[PDB]
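Close look at the chain arrangement
Residues per chain are reported as follows:
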Amino acid sequence: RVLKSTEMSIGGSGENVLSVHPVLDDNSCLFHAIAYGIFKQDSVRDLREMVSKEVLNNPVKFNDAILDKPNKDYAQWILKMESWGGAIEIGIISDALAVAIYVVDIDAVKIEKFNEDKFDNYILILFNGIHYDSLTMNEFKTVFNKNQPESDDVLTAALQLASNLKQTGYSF
Amino acid sequence: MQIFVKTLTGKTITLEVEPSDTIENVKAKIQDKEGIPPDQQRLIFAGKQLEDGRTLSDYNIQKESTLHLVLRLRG
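Calculation notes
- Residues numbered from 1 in each chain as written, not as in the entry; some residues may be left out.
- Chains lettered and ligands numbered in written order.
- Heavy atoms only, no water.
- Helix = DSSP H or I, 4+ residues; strand = E, 2+ residues; numbered from the N terminus.
- Rg over C-alpha atoms; globule rule 2.2 N^0.38 Å.
- Buried < 20%, exposed > 50% of the residue type's maximum accessible area, 1.4 Å probe, protein only.
- Contact = heavy atoms within 4.5 Å.
- Areas by Shrake-Rupley, 256 points an atom, 1.4 Å probe, with all protein chains shown as cover.
- Core = buried A, V, L, I, M, F, W, Y, C linked by side-chain atoms within 4.5 Å.
- Buried area = accessible area lost by both parts, 1.4 Å probe.
- Salt bridge = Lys/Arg side-chain N within 4 Å of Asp/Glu carboxyl O.
- Polar contact = N/O pair within 3.5 Å; in protein donor to acceptor, adjacent residues only side chain to side chain.
- Nonpolar A, V, L, I, M, F, W, Y, C, P; charged D, E, K, R; others polar.
- Patch = residues over 30% accessible without salt bridge, like charges linked within 9 Å, V, L, I, M, F, W, Y side chains within 5 Å.

In the PDB header, X-ray crystallography is given as the technique by which the entry was determined, and 1.550 Å as its resolution.

1. Some points on the overall build of chain B
When helices and strands are counted, chain B shows one helix and five strands. Ordering the α and β elements of chain B from the N terminus gives β-β-α-β-β-β. The C-alpha radius of gyration of chain B comes to 11 Å, within 12% of the 11 Å expected for a compact globule of 75 residues. With respect to the three principal axes, the spread of C-alpha positions in chain B is 35 × 25 × 25 Å. The burial tally for chain B puts 47% of its 75 residues in the buried class. Nonlocal contacts in chain B, meaning residues at least 24 apart in sequence, comprise 54% of its contacts between residues at least 6 apart. Put simply, chain B shows about 3,700 Å² of open surface, and 41% of that area lies on carbon and sulfur atoms.

2. Quick word on the nonpolar core
Looking at soluble globular proteins, one finds that nonpolar side chains tend to be buried together. In terms of nonpolar packing, the biggest core is built from 53 residues, with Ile-90, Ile-125 and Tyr-132 of chain A together with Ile-3 and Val-5 of chain B touching the most fellow members. The biggest single contributor to this core is helix α1 (residues 29–39) of chain A, with six residues. If you look at the next biggest cluster of nonpolar residues, it comprises 23 residues, including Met-8, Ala-100, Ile-111 and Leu-124 of chain A.

3. Things to note about the interface of chain B and chain A
Of the residues lining the interface, 18 residues belong to chain B; the matching set on chain A comes to 32 residues. Taken over both partners, the interface formed by chain B and chain A buries close to 1,900 Å², and the fraction arising from carbon and sulfur atoms is 58%. There are two salt bridges connecting chain B and chain A. Here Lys-11 of chain B ties to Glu-116 of chain A by a salt bridge, and the two come within 2.8 Å at their closest N and O atoms. Connecting chain B to chain A are 13 residue pairs in polar contact. Among the elements of the structure, β3 (41–45), β4 (48–49) and β5 (66–71) of chain B are those that each provide at least two residues to the side of chain B that touches chain A. Here the element with the most residues in the side of chain B that touches chain A is β5 of chain B; it accounts for three residues. For the side of chain B that touches chain A, the per-class residue count stands at six nonpolar, seven polar and five charged.

4. Notes on a nonpolar patch on the surface
All names here are of chain A. Side chains of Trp-84, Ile-130 and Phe-172 sit close together on the surface and give an oily, nonpolar patch of about 320 Å² of accessible area. In this structure, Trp-84 sits in the loop between α4 (71–77) and α5 (87–97). For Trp-84, a relative accessible area of 32% gives the class partly exposed.

Structure below.
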């Protein structure tokens, strides 16, 4: 059993394996990665519409300064299939689906957590600077819980995987 | 002194700063507490985006002032 560059054993025993699960490399990859992790089924349009609606309905929280463009303009912009999702989308989708989203940032070798204090359940998405993939355990499990015994080891493996990928030329 | 930094997920981050601190310095402090790289950080105060080269003093940042942190992370 030899591990590939996109794989990392979890914990001291290494019985379970964390791996990259690639999604379609289109302009909607953030949404594909989140949909796979949470639903195990693709969704882009519904997720973009959810974000658009939340922004429109909350102009005080998502003001022009926060969005770096007028609220009404952002709400239409995020509906375009070519518009790249980011932290703003992640936060909104996380809140809406009641699952924390942990961004494993390859270039930084850090995990950016969204809503870790609200929801115990979390998914991991891998960010290389211009693209998102999903992270899975044993080629299947995507939803983890931070209070389960193996959670620390899962996060440790995610960080070590990110470090290895940074070192082998995978971040942009 | 103390300033606060609020995220869009509702969390608040306390910072110890001097009026002499540049926005860059502040992002570096946020990186220390939270591990967020400065290049992914956007800071907003009083409806204005804060620029790397200026100081808190330049924007009238004072006691218990609240900044808003928004991340980029677009892919």
